[PDB]
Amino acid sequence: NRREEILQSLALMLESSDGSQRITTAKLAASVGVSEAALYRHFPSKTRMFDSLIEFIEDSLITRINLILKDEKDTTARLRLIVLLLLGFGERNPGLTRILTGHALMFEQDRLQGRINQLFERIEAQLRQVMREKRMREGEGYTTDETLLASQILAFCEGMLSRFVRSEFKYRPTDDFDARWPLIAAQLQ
């Protein structure tokens, strides 16, 4: 798997303070320790490099939220974990969180934003779902619009991470969070 190292080298470069700047196929070929000819004997363009990295984001986040909706039947505790999968995942993966926010992909094909756009749209749906079910699990529907409350929670989740990147990962997402969650469920009605 001498192809993995390249992606690892893409992360370690997207995690450093040079991440705010473009990642040349030059200073990328430098790290792994080969020429720009061996880069392209494993990938067609720079897109696929981000494609694969993004694809791991999809799976990882998607396979976990699924897992939650199965082993966790509590409507409240549900998103109390889901919102931690995110904010947790950001603080765990500095470089990747530039792909989400849409700073890193600001150099390549716009089609890579679409990939991510769908992910939020998918995260926001399986999150919307958790809100809907509260009905059939408790009879008492929501005193607030399910899609409206759905989005509203994602906003905070795309804000905490955007504040994260902006200050080179100094305002870490999950910090003072146990004191932060009560401001979210405070909307659960």
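Counting begins at 1, following the sequence as shown.
Annotation for 136 to 144 versus 34 to 42: the higher mean temperature factor (C-alpha) is found in 136 to 144. Looking at the C-alpha B-factors along this chain, the one for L28 belongs to the highest third. When the modelled residues of the chain are ordered by their C-alpha B factor, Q129 lands in the highest third. Sorting the modelled residues of the chain by their CA temperature factor places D71 in the highest third. When the modelled residues of the chain are ordered by their C-alpha B factor, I116 lands in the middle third. When the modelled residues of the chain are ordered by C-alpha B-factor, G95 sits in the highest third.
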